[PDB]
Structures are given as structure tokens and as C-alpha cells.
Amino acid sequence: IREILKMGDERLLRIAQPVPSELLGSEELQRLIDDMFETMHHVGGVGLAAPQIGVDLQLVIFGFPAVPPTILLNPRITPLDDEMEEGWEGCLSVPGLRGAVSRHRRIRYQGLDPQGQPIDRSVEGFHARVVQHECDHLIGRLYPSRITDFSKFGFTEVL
């Protein structure tokens, strides 16, 4: 179990470094992953990025409309067309708040699994939204910085 960092921490705002090749397959990486799944499961989250626990690595985990349990390294996202869709987001680093955010409806995402094998998936809707949100942590973007409709940004208890 690790502490989740909160919005305002400078560590959330950095561009994350890639997982280096010598870590792929390794026990050190596996332990980071186990620590991340424990943390996410302990607070009831659907996704967690390594910078949210102060680890400066392009590594996200997610899973749950169901979403397959995935561990994604060094990701690259390619929007499949121009269609945008609005949805509710929250984040463990932004407790007590929700906002509506416009995201690509369809994306292809690519990256590596923990053993260094390629991932290549094309996805839509909520799965697409989750991946965009997690991958935004890796470039120092939290979901308030993506909001366009501020009428829909508020406290959970109130909205």
C-alpha cells in the first residue's frame, strides 16, 4: 500500500519517464504492479497511474460497462475519428469532486504489458475514457485541466 497524491502535488504535474527496457519482465516491476493493485483495490478505484503514488513511470493500471484488468506501459493513444463524447469523471487525487469532460469516443491504444509484449487495442466509450484519463496522468494532466463546461464541475455531495 502507497499513499495517493493529491492535486497540488508537483509530482502529479510532471511528464513521466518511460519504463526502461531492463525493468520489463523483472521482479522489481512486478512488485510495483502488486503495490499499485493493492492501493487501487483498498480505495475502490477503477484506475491508477504510477505518478499518483509518486513513481515517475509511464505505467497505468485499470479495470472494472466492464473494462478488462490491464497493466499498460509506455502508452501511445491515437484518436480513431473526431467524435467527442461527454461523461462524468472523478479521480482519487481529486477527492470529493466530479466533472464532465469531453473525450475522444474511439481510440486505438498501444503500449507494452509487463513482460514487454505489445498491446494494441481499439476501444470506444467508457473503456476509451478510462484509458485517456489514465494516460493524461503520464503527461501531468488532471481532469479539471480538460473541462470545458464548468457548470458541470462540482462537489460530489452537491452534484
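One-based numbering along the sequence shown.
Note to self: Checking chain continuity here. Are there deposited residues lacking coordinates between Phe37 and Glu38, and if so is it 1 to 3, 4 to 9, or 10 or more (or none)?
What the structure shows: In the deposited sequence, nothing is left without coordinates between these two.
Notebook entry, point to check: As stated in the PDB record, which stretch has the larger average Cα B-factor, 51-59 or 22-30?
Noted result: Higher of the two, by average CA B-factor, is 22-30.
Next item on the list: Taking the mean of the C-alpha B-factors per stretch from the entry, tell me the winner out of 129-137 and 66-74.
Entry: Comparing 129-137 with 66-74, the higher average CA B-factor belongs to 66-74.
Next item on the list: Please pick out which of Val43, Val101, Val123, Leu112 has the largest Cα B-factor as recorded in the entry.
Entry: Most elevated C-alpha B-factor of the set, per the entry: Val43.
Check: Relative to the other modelled residues in the chain, which third contains the C-alpha temperature factor of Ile4: lowest, middle or highest?
Finding: Its C-alpha B-factor belongs to the middle third of this chain's values.
Notebook entry, point to check: Lowest, middle or highest third of the chain for the C-alpha temperature factor of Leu97?
Noted result: For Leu97, the deposited C-alpha B-factor lands in the middle third.
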